[PDB]
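Architecture and fold: a report
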Amino acid sequence: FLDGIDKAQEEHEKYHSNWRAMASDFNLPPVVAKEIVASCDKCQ
Amino acid sequence: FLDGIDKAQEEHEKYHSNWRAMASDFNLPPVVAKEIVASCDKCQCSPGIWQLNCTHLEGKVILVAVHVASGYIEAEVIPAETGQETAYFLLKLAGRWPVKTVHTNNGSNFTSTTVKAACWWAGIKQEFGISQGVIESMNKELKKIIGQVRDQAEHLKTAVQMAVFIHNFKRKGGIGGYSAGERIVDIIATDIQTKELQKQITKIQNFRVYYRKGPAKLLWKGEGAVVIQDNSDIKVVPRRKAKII
Amino acid sequence: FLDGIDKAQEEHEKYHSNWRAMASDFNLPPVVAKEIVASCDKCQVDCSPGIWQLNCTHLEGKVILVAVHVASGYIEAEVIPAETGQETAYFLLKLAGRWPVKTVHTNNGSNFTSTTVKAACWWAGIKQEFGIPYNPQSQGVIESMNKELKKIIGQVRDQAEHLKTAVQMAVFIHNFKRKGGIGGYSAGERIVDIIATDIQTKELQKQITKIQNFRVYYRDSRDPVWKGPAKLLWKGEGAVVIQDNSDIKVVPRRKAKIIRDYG
Amino acid sequence: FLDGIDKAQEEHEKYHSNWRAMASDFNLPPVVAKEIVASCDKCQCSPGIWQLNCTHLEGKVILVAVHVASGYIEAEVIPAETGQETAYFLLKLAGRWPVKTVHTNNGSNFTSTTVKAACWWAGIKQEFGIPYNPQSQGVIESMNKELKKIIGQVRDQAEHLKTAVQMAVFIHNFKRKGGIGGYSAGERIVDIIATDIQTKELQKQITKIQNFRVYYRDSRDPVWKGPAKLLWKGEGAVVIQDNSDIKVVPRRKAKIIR
Amino acid sequence: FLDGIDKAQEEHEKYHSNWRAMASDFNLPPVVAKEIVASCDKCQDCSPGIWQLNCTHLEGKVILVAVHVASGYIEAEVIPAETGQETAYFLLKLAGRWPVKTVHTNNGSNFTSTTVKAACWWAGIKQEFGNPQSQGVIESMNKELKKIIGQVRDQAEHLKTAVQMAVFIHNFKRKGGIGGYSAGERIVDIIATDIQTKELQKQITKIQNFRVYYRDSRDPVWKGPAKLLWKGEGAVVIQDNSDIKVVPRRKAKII
Amino acid sequence: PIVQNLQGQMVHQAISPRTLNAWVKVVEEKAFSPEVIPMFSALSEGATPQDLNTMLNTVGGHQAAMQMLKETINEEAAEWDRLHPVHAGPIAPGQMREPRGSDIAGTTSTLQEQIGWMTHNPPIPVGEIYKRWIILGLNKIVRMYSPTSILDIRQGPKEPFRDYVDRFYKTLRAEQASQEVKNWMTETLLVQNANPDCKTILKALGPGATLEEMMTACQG
Ligand SMILES: [Zn+2]
Ligand SMILES: [Zn+2]
Ligand SMILES: [Zn+2]
Ligand SMILES: [Zn+2]
Ligand SMILES: [Zn+2]
C-alpha cells in the first residue's frame, strides 16, 4: 500500500503479470491487483 | 478509486478526517481508509431543543451550544465573562437557526438580564437544570480535534472555527454515516414536510367515528385498526366495535 | 344604500347583472335591485367535472364555438373567422391548457372528426364521445345557455364595435356577475368550487403513501435505547402514531425522531 | 383566537409584520389583524394581481401573463405589435379569471388609449413599474425563461409555432410538478380562489355585524365600562376593541344594546 | 414497476417531465427514470455552493453580508476595521455553517488580500472576481435589509444587535413568493434534494458496475451482457438494446 | 503651481497631495459626467502644463478616454503650430521662443521653460490654452459617454413632472450645441413631450411662460 500501486502498474505495463503475483510481490490486497489488471487494455 | 488515494492523502494531511469520512466521500474501501488514518503520525429528541454551556480552556471562557437532536455544534470564545455577550451569542444563534427551548444551569450569565430579555423577545422557552453524556462526549471530541489542529493554529478563534468546520462537515457520524449537518438538514426537512402534509389534511378529510362513547374524529383507518383522537387523547381500537360515518 | 344606488345603476348600464348580485355585492334592499333591473330597457347536475360539451353556431353570419361545463354551467365562447379544423384544435388545446378537461361531447360535424382534433385528444388524453348526448339535462342546459347568450349578445352589441368584443363581454358578465337560478351564485364561483372540491382523492392517496414512506426512531418510557425503522402513520403536536411490525404505537413527541433515510 | 390576539399584538410590536401574516399564523380574521396594524404608530390583497411581459421569438412578439400568488401562466403570440390585441387579451383574461389589478412595466403599447378604455370598462386598476410585492421579482423572469427553454425543446415535435407555445404553457401549468407541495399550478390557484371565497364569506359574516354598542365588565368589578365596539361574538365569549386595546370577555360579563 | 416502465417511456416521449416526476407518479426507482431521461435525445446543479459577498457602509461602520444565489437567504455582520482578518473570520464561519464550493464577489482590496486567498485555498473554495440576473435579487435584498434596519433602529442600542434581529426576521418570518414560506424552508429543501440526488447517483455508480446474464422462456442460452439497473423481490430489472426488461433472479446471474 | 508672490517675484510651488487625492477619488467615484468639467477647472487654477500632465496621468483605468484626449491634444497642437507663425530671429537672454506643440502638452518641456515663459513679459497663456484644449477634450468625451439622446425622453402618464424636467435638463447639459438651439429645444420639447393634462395646461398658459409657472401649474 506504501506506493505499491505505482510500482505495480509500472511493472504491469512491461510484463503484464497475474494479479496473484502483484498481490504477493508488492503486498497489496487482491481487489487492488484485480482492478489494476482490469485497467490494462491488453489483459482482461 | 480513480486517483482517489492521492486526494485522500491530500485531504487527510489537511483535516485528518475519520476513516469512514474519506471512505464514503471518495468511494474507497474501508481498509485503505483505515490504513491512511493509521499512516498519519497525529492519528491512531426535538428540533427546538438546544443545550448551551460554558467551558474554560487556558484562561479563556468559551460558550458552546449544541443541537441535542442532530449533534450540530457551535462555539464562541467570550473575552470578558459577561451576560451581554452571552445574550449576543444567543440572539445570533437564534438568527442563524430556529430554537424553541434552551437547557442551561442556574448560572448568572445564563440568567442575565440581557439574556432573559433576548430570549423573551425571541419567544424561546427556558428550562433550568439538565443527555449530558452526549454533550461531554462531543466536548472531548472537539478538544481532541482542537489538539489535532493546534499545530497549524495561528490564533485561538481560527482554531476553534476550523475545529467546528471539520466536526460538522469533515467527519461522518453514526446512523447512516451522516454528519451533523446532514442529520440536522434531514430532520428539519422531514419536520417541514410532515407539518405541511398534516396541514393539508383536516381540510379535506373530516369523518366521525363512533366506538364502544362520543363523536371522535377519524385519524387513521387500516390494517384492521382504527386510530382516532378525541378530548386531546389518542385511542387505538380494532376494526370491530367501530362505525365510520 | 350608502351611495350604492348610483354605483349599482352604473354597473347595471355597463353589465346588466342579476338583481341578486346587486343585493349581495352592494348591500342594498331587494326592492332597489328589482327597480334597477326594471329600469333597464334590455332586461325584464352533479356529475364528474371532467365532462364538457362543445358546439358551434352561426350568429350574425359568423361562426361561434362555445364550450360549456356540465357540472356548473360555465361557458367559454370564441368567434372563429374561417371554419377549419386547425382553429378547432386551437380552441381545444386552449381549453385543455386552461382546464383539466377529460371528456368532450360533440356532434358529427366535419371539423369535429378532423385529424388535428384526434391528434390533440390523443396527446392530451381526453376521451372523445361523438353522437347525441345521453343526458337530456345537458341538452336543456345547452339550449338555455344558447338563448341566454343570444339575448345578452343582442343587448351588448351596441356597446362593442366588433363581434368578438361583444362575445367576450357577454361571457364576462355571465361568468362573474350573473347569478344562476340554483343557489344564486356566479358560474365562475361554482366551477372553481367544484374544481377545488374535486381534487381530493389523488392528493389523499399521494399524501398517505408519502407519510407511509417516512422512518421513525422511538424509545419506550423505560428503554434508553432506540428502536428500529418504524413506519410512520400520523404526526401530532405531542404524539405520533406509528407502525412497528404490524403493531400500532403512540409515542410522545419527546422520544420520537422522524427521518427520511436517503441512502 | 385562543389568546392569539395578545400574541399577535406582541408580534406586531416586536416586528410590525403584514396583517395577513398574523391572520394566517394565528388563525384570525383579517379585521383584527388590520386593526392591530393600525394600532401601531409607525405603520399604516395578493390574489388578483397579474404581471404581463413581452418577448421576441422567431421574429414574432409573444405576450405572457403570470399570477403572483400562484404563478399560473397564460401566453399568446400576436401577429403585429398593436394595442388592440393586448386589450383583447386583457379582456379575455378578465372574462376567464377574476382579475383585480393588472401590473405591468414601462411600454409604449401598454399606455395606449384602447387598453385604458378596456381596463376602465372592466373596473380593473392598471399600473406599471416596481412590482407590488417587495419579493418574488425573479419569479416572473425565471418562469418566462423556463417557458423559453421548453418551447425550443418541444418545437421540433410540433407543426406550428402557436400550437407549440400553447402546448409548452400547458405542460408548464399542469404537467410540471414543483417543489414544496408537489402539485399543479392549477391546483394551487384553485385553492387560492377557494380560500378567497371562504374569506369573502367571513367578510359577509362580519358585515352581518353592525354598530351594536356593547358594554363590558371585567373581573366581576361593580362598575360597568363602555361603550365598546363589537368585533365578534362566539363560543360563549365576545371579542371587542376600545382605546386601541382588543380583549375577549365572557358573555356573562357583558351586555349588548341595539 | 408493474409494466409502468413502458408507460413512463411513452409519457416521457410525450411530456418530457423531470425524472423525479417519472419516479413519483409510477413508483419507479430513480435509476429507471434517470436512464429514461438519458435515452431521450431532447433531454440532456451546484446551486447551494454559490454565494455572493457584499460590503456596505452605515453610521460610519462597515457591514458585510453573504447571500445565496437562490432562495434569497442572507447572513450579515458588522466589522470594526476592514482588514483581511475579519473577512477571513467571516468566510471561515460561513464555511463552517454551510457547504460552499465557489463564491462570486467584486474586486475589493480585502478580496485580493493573501489572507482570504489562503483561507479559501484551505477549504478548496473557488474565488471568482466579477452573474446572469442575480444582481437584481441581491440588490433588492440589500435594500430590504436597509429598510428593516432603519425601521428596527428605534428600539436597538447597538448596530450589531439590530442587524442580527433584521436578518433573523427576514430569514424566518418574512414570507415571500410561491408557497408563502421563508428562506429557511427553501434552503433546507434545496440542500436536502441535492443530498438525495447525490446519494442516489453515488448508489447508481456503485451498483451499475456489475454485468448480468439472463435466461428467458424461449432460449436456455444466457444472453447479454445487459446493464444492471435494479434488484429486488426475487428479480432484476435490466436494459438491453435500449429496451428495459425484467428477469427473475433464479433465471439470472450477476458478475 | 504658479503662485503670485506678495510684492515680490513669483516662484514655483509644490503640488499639495490633497488636490491629487481629491481629483483621483472624484474621477474614480461616479462617472465621466459633466459635473467633472467645473471640478477639474477648480483643481487646476494657474497650473503649469507639467502640472496638468501630472494630474492627467494620475487617473486609473478608462484608458480609452485618455487615448481620445491625447489624439485631440496632438491634432490641436498641430493646428496651433500651423496657425501661429514660426518665430524667427535671435532669442535674447531672459526670453524664450513660442512653445512647440509638444511643449504646450508638457511631454518634453521642463518646468524651467514654463517658469521662464510665465516670467516673460507679456506672459504667454500657454497654460490657459492647454486647459481649454483639455476642456474641449472632456466635453467630447462626455458627449461620447451619454447613452441617450434629447429627443427620446418620454414622460409616463403617472410619472411626476419633477424627474421628467430633471432628466430633460440633464440631457440638455449632456448635449453640446449652440445656445439658440438649446433655448429653442428647452422651450419646445418641454411642452411637446409631456402628459396630455399638463400639455393642455401649458397650452392654456401660452408661450414664453417661465418654467416656475409651468411647474407650479402641472402640480397634481
Ligand atoms: Zn496487462
Ligand atoms: Zn491524521
Ligand atoms: Zn339590464
Ligand atoms: Zn407596525
Ligand atoms: Zn426527454
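- For this entry, the PDB record names cryo-EM as the structure determination method and reports a resolution of 4.63 Å.

1. Examining the overall build of chain F
- Counting secondary structure elements, chain F contains 11 helices and two strands.
- Helices (α) and strands (β) of chain F occur, in sequence order from the N terminus, as β-β-α-α-α-α-α-α-α-α-α-α-α.
- Taken against the 2.2 N^0.38 rule, which gives 17 Å for 220 residues, the C-alpha radius of gyration of chain F at 23 Å runs more than 25% over that of a compact globule.
- C-alpha extents for chain F along the principal axes are approximately 75 × 40 × 35 Å.
- Classification of the 220 residues of chain F by burial places 32% in the buried group.
- In chain F, 57% of the contacts between residues at least 6 apart in sequence involve partners at least 24 apart.

2. Some remarks on the sheet that holds strand β1 (residues 51-59) of chain C
Residues and elements named next belong to chain C.
- In spatial order, the strands read β3-β2-β1-β4-β5; together these five strands make up an open sheet with mixed pairing. One side of each edge strand has no neighbouring strand; the edge strands of this open sheet are β3 (75-80) and β5 (127-129). Sheet twist, expressed as the mean angle between neighbouring strand axes with direction ignored, is 25 degrees.
- Here six bridges tie strand β2 (residues 62-69) to β3, and the two strands are oriented antiparallel to one another. Paired with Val68 across the two strands is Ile75, which belongs to β3.
- Together, β1, β2 and β3 form the strand contacts of helix α6 (residues 136-156), whose direction differs from that of β1 by roughly 45 degrees.

3. Quick word on the pairing of strand β1 (residues 49-57) of chain D
Residue and element names in this part refer to chain D.
- As paired strands, β1 and strand β4 (residues 101-104) are joined by three bridges and run parallel to one another. Within β4, the residue paired with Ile49 across the bridge is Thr101.
- Bridge count between β1 and strand β2 (residues 60-67): eight bridges; the pairing is antiparallel. By the bridge assignment for β2, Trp50 is matched with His67.
- Taking the residues between adjacent antiparallel strands as the criterion, β1 and β2 are bridged by two residues, where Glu58 takes a positive phi near 55 degrees.

4. Section: the nonpolar core
- Judged by nonpolar contacts, the single largest core of 61 residues is most densely connected at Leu54 and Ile64 of chain C together with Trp50, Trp97 and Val99 of chain D.
- When residues in this core are grouped by element, the largest group, seven residues, is from helix α7 (residues 163-177) of chain C.
- Apart from the residues within four sequence positions on either side, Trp97 of chain D is in contact with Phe176 of chain C together with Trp50, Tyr72, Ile189 and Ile193 of chain D.
- The next biggest cluster of nonpolar side chains, apart from the first, holds 45 residues, and it includes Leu93, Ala94 and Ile184 of chain B together with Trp51 of chain E.

5. Description of the coordination of the zinc ion (ligand 2)
Residue and element names in this part refer to chain B.
- Distances from the zinc ion (ligand 2) to its protein donors, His12 (NE2), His16 (ND1), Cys40 (SG) and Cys43 (SG), fall at 2.3 to 2.4 Å.
- Here the zinc ion (ligand 2) binds four donor atoms, and the angle range of 83 to 123 degrees at the metal identifies the geometry as irregular.
- Written as a sequence motif, the donor arrangement for the zinc ion (ligand 2) is H-x3-H-x23-C-x2-C. Within this pair, whereas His12 is found in helix α1 (residues 4-12), its partner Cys40 is found in the loop between α3 (30-39) and β1 (49-57), the two being separated by 28 residues in sequence. Like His12, the residue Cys40 is buried in the burial classification.

6. Topic: the environment of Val70 of chain C
All names here are of chain C.
- Looking at the element boundaries, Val70 is found in the loop between β2 and β3.
- In sequence terms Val70 and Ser114 are 44 residues apart; their C-alpha atoms lie 24 Å from each other.
- If we ignore the near neighbours within four places in the chain, the residues touching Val70 are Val45, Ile51 and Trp52.

7. A look at the pairing of strand β2 (residues 61-68) of chain E
All names here are of chain E.
- In terms of residue burial, β2 counts as a mostly covered element, since seven of its eight residues are buried.
- Judged from the eight bridges that link them, strand β1 (residues 50-58) and β2 form a sheet pairing that is antiparallel. Bridge assignment links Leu53 to a residue of β2, and that residue is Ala66.
- Between β1 and the antiparallel strand that follows it, β2, lie two residues; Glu59 among them carries a positive phi value of about 55 degrees.
- Taken together, the six bridges between β2 and strand β3 (residues 74-79) define a ladder with antiparallel strand orientation.

8. Remarks on the interface of chain D and chain C
- Taken together, the contact pairs 35 residues of chain D with 30 residues of chain C.
- Across the chain D to chain C interface the summed buried area is about 2,700 Å²; carbon plus sulfur atoms make up 66%.
- Where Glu74 of chain D meets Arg98 of chain C, a salt bridge forms, and the shortest distance between an N and an O atom there is 3.5 Å.
- The interface formed by chain D and chain C holds 11 residue pairs in polar contact in total.
- Looking at the side of chain D that touches chain C, the elements that each hand over two or more residues are β3 (73-78), α4 (83-96), α5 (113-122), α7 (161-173) and α8 (185-208) of chain D.
- With seven residues, the top contributor of residues to the side of chain D that touches chain C is α7 of chain D.
- The residue makeup of the side of chain D that touches chain C, split by class, is 19 nonpolar, 10 polar and six charged.

9. Thoughts on the pattern of salt bridges
- Taken as a whole and assessed by the stated rule, the structure comprises 33 salt bridges over all chains.
- Residue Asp25 of chain C pairs with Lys177 of chain C through a salt bridge whose shortest N-O separation is 3.0 Å.
- Residue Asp25 of chain C is classed as partly exposed on the basis of its relative accessible area, which comes to 41%.
- Each of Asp216, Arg218, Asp219 and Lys223 of chain E takes part in salt bridges that share partners, so that together they form one network.

10. Brief notes about the interface of chain E and chain B
- Facing 28 residues of chain E, the contacting portion of chain B comprises 24 residues.
- Summed over both sides, the interface between chain E and chain B buries roughly 2,800 Å², with carbon and sulfur atoms accounting for 67% of that surface.
- The largest share of the area that chain E buries against chain B comes from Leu92, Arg97 and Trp122 of chain E, three residues that together contribute 23% of it.
- Seen at the junction of chain E and chain B, the total is one salt bridge.
- Between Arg96 of chain B and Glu75 of chain E there is a salt bridge, with its nearest N and O atoms 3.0 Å apart.
- Applying the counting criterion to the chain E and chain B interface returns five residue pairs in polar contact.
- Listing elements by their share of the side of chain E that touches chain B, those giving two or more residues are β3, α4 (84-97), α5 (114-122), α7 (159-172) and α8 (183-207) of chain E.
- Each residue belonging to the side of chain E that touches chain B can be placed in one class, and the counts come to 16 nonpolar, five polar and seven charged.

11. Considering empty space enclosed by the protein
All names here are of chain D.
- Size it by volume and the largest cavity reaches roughly 180 Å³.
- Every residue lining the largest cavity is counted, 16 residues in all, and those nearest its centre are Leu90, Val102, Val115, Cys119 and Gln126.
- Looking at the lining of the largest cavity, the elements that each hand over two or more residues are α4, β4 and α5.
- The biggest single contributor to the lining of the largest cavity is α5, with five residues.
- Tallied by class, the residues present in the lining of the largest cavity amount to 13 nonpolar, two polar and one charged.

12. Quick word on the sheet that holds strand β6 (residues 214-216) of chain D
Residues and elements named next belong to chain D.
- Read across the sheet, five strands follow the order β9-β8-β7-β6-β10 without closing on themselves; strand pairing throughout is antiparallel. Strands at the two margins of the open sheet, each flanked by one partner only, are β9 (245-250) and β10 (254-256). Averaged over all neighbouring strand pairs, the angle between strand axes comes to 40 degrees, with direction disregarded.
- Two strands pair when backbone bridges link them, and β6 and strand β7 (residues 225-234) are joined in this way by two bridges, in the antiparallel orientation. Directly across from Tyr216, in β7, lies its bridge partner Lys225.

13. Side note on the packing of aromatic side chains
- In total, this model carries 24 aromatic pairs over all chains according to the counting rule given.
- Arranged with centres 5.2 Å apart and planes meeting at 75 degrees, the rings of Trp123 of chain C and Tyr15 of chain E form a pair that is edge-to-face. Linking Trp123 of chain C in helix α5 (residues 115-124) with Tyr15 of chain E in the loop between α1 (4-14) and α2 (19-25), this pair reaches from one chain into another. With respect to burial, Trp123 of chain C and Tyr15 of chain E carry one shared label: buried.
- With a centroid separation of 5.6 Å and an interplanar angle of 85 degrees, the aromatic rings of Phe32 of chain F and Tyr145 of chain F are classed as edge-to-face. Placement of the pair is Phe32 of chain F in the loop between α1 (17-29) and α2 (36-43) and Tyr145 of chain F in the loop between α7 (126-144) and α8 (161-174), with a sequence separation of 113 residues.
- Residue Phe32 of chain F is classed as buried on the basis of its relative accessible area of 17%.
- Following the ring pairs from residue to residue traces out a cluster consisting of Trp52, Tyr74 and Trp99 of chain C together with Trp50, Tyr72 and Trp97 of chain D.
- Lying over the aromatic face of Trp121 of chain E, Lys14 of chain B brings its terminal NZ or CZ to 3.6 Å of the ring centre.

Each value, and the rule that gives it
- Residues numbered from 1 in each chain as written, not as in the entry; some residues may be left out.
- Chains lettered and ligands numbered in written order.
- Part of a larger assembly, values for the part shown.
- Heavy atoms only, no water.
- Residues with missing side-chain atoms left out of burial classes, pairs and counts.
- Helix = DSSP H or I, 4+ residues; strand = E, 2+ residues; numbered from the N terminus.
- Rg over C-alpha atoms; globule rule 2.2 N^0.38 Å.
- Buried < 20%, exposed > 50% of the residue type's maximum accessible area, 1.4 Å probe, protein only.
- Contact = heavy atoms within 4.5 Å.
- Pairing = 2+ DSSP bridges.
- Axes fitted to C-alpha atoms, helices over the stretch in contact; angles between N-to-C directions.
- Core = buried A, V, L, I, M, F, W, Y, C linked by side-chain atoms within 4.5 Å.
- Donors = N, O, S within 2.8 Å, 3.2 Å for Na, K, Ca; no water.
- Tetrahedral: all angles 85-135°; square planar, octahedral: opposite > 155°, others 65-115°.
- Buried area = accessible area lost by both parts, 1.4 Å probe.
- Salt bridge = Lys/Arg side-chain N within 4 Å of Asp/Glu carboxyl O.
- Polar contact = N/O pair within 3.5 Å; in protein donor to acceptor, adjacent residues only side chain to side chain.
- Nonpolar A, V, L, I, M, F, W, Y, C, P; charged D, E, K, R; others polar.
- 1 Å grid on protein atoms, 1.4 Å probe; cavity = no way out; pocket = protein on both sides within 12 Å on 5 of 7 lines; lining within 4 Å.
- Points joined across faces, edges and corners; volume = space filled by probe spheres on them.
- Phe/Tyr/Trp six-rings, centres within 6.5 Å; stacked < 30°, edge-to-face > 60°.
- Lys NZ or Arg CZ within 6 Å of the ring centre and 35° of its normal.

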